[PDB]
Amino acid sequence: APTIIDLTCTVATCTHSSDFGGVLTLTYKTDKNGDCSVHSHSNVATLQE
Amino acid sequence: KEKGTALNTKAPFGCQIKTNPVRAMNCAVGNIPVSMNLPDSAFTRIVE
């Protein structure tokens, strides 16, 4: 599974709509292409994906 | 012969007058306030 290093997160837009109204982008440094779990540890936000 | 200077060559703010439906055209003064109601089909969803 890919190993992710030096992950820093910045939020592009933030509109607290009922729908998935916020978008953030994750910048990282991987080693192989692959898919893995992404999840927000606090219920202040819920990720669509 | 003693018309004077017509308003065609006097009108301020660059009004040019035409005559038949007598009117002043292209007159540069003031602000037009616009109110616009847009459908959602005329926006673009954030995800796209």
# chains A, B, ... in the order shown; residues from 1 in each chain; ligands from 1
$ residues_around --residues "residue A:10" --least-positions-apart "2" --cutoff "8 Å" --atoms "only C-alpha atoms" --output "number ranges by chain"
A: 8, 12, 24-26
$ interface_residues --of "chain B" --to "chain A" --cutoff "12 Å" --atoms "only C-alpha atoms" --output "PyMOL selection string"
chain B and resi 45-48
$ write_last_selection --atoms "C-alpha atoms" --output "mmCIF file, in the first residue's frame"
data_model
loop_
_atom_site.group_PDB
_atom_site.id
_atom_site.type_symbol
_atom_site.label_atom_id
_atom_site.label_comp_id
_atom_site.auth_asym_id
_atom_site.auth_seq_id
_atom_site.Cartn_x
_atom_site.Cartn_y
_atom_site.Cartn_z
ATOM 1 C CA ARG B 45 -21.293 22.989 -9.509
ATOM 2 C CA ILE B 46 -18.261 23.143 -7.261
ATOM 3 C CA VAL B 47 -17.220 19.541 -7.868
ATOM 4 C CA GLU B 48 -16.921 20.197 -11.621
#
$ residues_around --residues "residue B:15" --least-positions-apart "5" --cutoff "12 Å" --atoms "only C-alpha atoms" --output "compact mmCIF listing (two decimals) with N, CA, C and O atoms, in the first residue's frame"
# COMPACT_ATOMS: atom_id res chain seq x y z
N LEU B 7 -28.83 71.91 -30.53
CA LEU B 7 -28.47 71.02 -29.43
C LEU B 7 -27.67 69.84 -29.92
O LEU B 7 -27.00 69.19 -29.12
N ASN B 8 -27.72 69.55 -31.22
CA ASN B 8 -26.89 68.48 -31.75
C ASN B 8 -25.42 68.77 -31.53
O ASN B 8 -24.63 67.84 -31.36
N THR B 9 -25.04 70.04 -31.53
CA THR B 9 -23.66 70.44 -31.34
C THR B 9 -23.44 71.12 -30.01
O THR B 9 -22.45 71.83 -29.85
N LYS B 10 -24.34 70.94 -29.06
CA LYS B 10 -24.20 71.51 -27.74
C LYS B 10 -24.43 70.53 -26.62
O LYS B 10 -23.97 70.79 -25.50
N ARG B 23 -34.79 61.88 -29.93
CA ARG B 23 -34.14 61.16 -28.86
C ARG B 23 -32.71 61.63 -28.72
O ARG B 23 -32.10 62.12 -29.68
N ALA B 24 -32.16 61.39 -27.55
CA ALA B 24 -30.76 61.61 -27.25
C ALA B 24 -30.11 60.25 -27.05
O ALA B 24 -30.57 59.48 -26.21
N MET B 25 -29.05 59.97 -27.79
CA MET B 25 -28.45 58.66 -27.79
C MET B 25 -27.03 58.71 -27.26
O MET B 25 -26.31 59.70 -27.41
N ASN B 26 -26.65 57.59 -26.65
CA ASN B 26 -25.32 57.33 -26.14
C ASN B 26 -24.90 58.36 -25.11
O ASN B 26 -23.75 58.77 -25.05
N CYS B 27 -25.83 58.73 -24.25
CA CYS B 27 -25.57 59.78 -23.28
C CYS B 27 -24.91 59.19 -22.06
O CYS B 27 -25.49 58.33 -21.39
N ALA B 28 -23.72 59.66 -21.73
CA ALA B 28 -22.93 59.08 -20.65
C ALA B 28 -23.19 59.87 -19.38
O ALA B 28 -22.56 60.90 -19.14
N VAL B 29 -24.09 59.37 -18.55
CA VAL B 29 -24.36 59.96 -17.25
C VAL B 29 -24.88 58.89 -16.32
O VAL B 29 -25.67 58.04 -16.71
$ select_by_dssp --residues "chain A" --states "strand (DSSP E)" --output "ChimeraX atom specification"
/A:5-14,22-29
$ residues_around --residues "residue A:37" --least-positions-apart "2" --cutoff "10 Å" --atoms "only C-alpha atoms" --output "PyMOL selection string"
chain A and resi 35+39+49
$ write_last_selection --atoms "N, CA and C atoms" --output "tab-separated table (two decimals), in the first residue's frame"
chain	number	residue	atom	x	y	z
A	35	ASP	N	-4.71	3.35	-4.26
A	35	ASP	CA	-5.85	4.01	-3.57
A	35	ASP	C	-5.83	3.63	-2.09
A	39	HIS	N	-10.14	9.75	5.84
A	39	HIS	CA	-11.24	9.96	6.77
A	39	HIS	C	-10.91	11.04	7.78
A	49	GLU	N	-15.87	11.31	0.09
A	49	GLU	CA	-15.12	10.22	-0.51
A	49	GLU	C	-14.51	9.38	0.59
$ atom_distance --atom1 "atom CA of residue A:14" --atom2 "atom CA of residue B:40"
19.5 Å
$ select_by_dssp --residues "chain B" --states "helix (DSSP H, G or I)" --output "ChimeraX atom specification"
/B:7-9,12-14,40-42
$ write_last_selection --atoms "C-alpha atoms" --output "CSV table (one decimal), in the first residue's frame"
chain,number,residue,atom,x,y,z
B,7,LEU,CA,-28.5,71.0,-29.4
B,8,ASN,CA,-26.9,68.5,-31.7
B,9,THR,CA,-23.7,70.4,-31.3
B,12,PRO,CA,-23.5,67.7,-22.8
B,13,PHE,CA,-22.2,64.3,-21.9
B,14,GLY,CA,-21.8,63.3,-25.6
B,40,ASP,CA,-29.0,27.0,-11.2
B,41,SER,CA,-28.4,25.7,-14.7
B,42,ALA,CA,-26.5,28.9,-15.3
$ residues_around --residues "residue A:3" --least-positions-apart "5" --cutoff "9 Å" --atoms "only C-alpha atoms" --output "PyMOL selection string"
chain A and resi 29-32
$ write_last_selection --atoms "N, CA and C atoms" --output "tab-separated table (two decimals), in the first residue's frame"
chain	number	residue	atom	x	y	z
A	29	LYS	N	3.64	13.25	-0.57
A	29	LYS	CA	4.79	12.75	-1.32
A	29	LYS	C	4.76	11.23	-1.23
A	30	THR	N	4.25	10.58	-2.26
A	30	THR	CA	4.01	9.15	-2.20
A	30	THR	C	5.18	8.39	-2.79
A	31	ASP	N	5.02	7.08	-2.92
A	31	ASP	CA	6.01	6.22	-3.53
A	31	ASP	C	5.48	5.32	-4.61
A	32	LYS	N	4.19	4.99	-4.60
A	32	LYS	CA	3.61	4.23	-5.68
A	32	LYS	C	2.16	4.63	-5.83
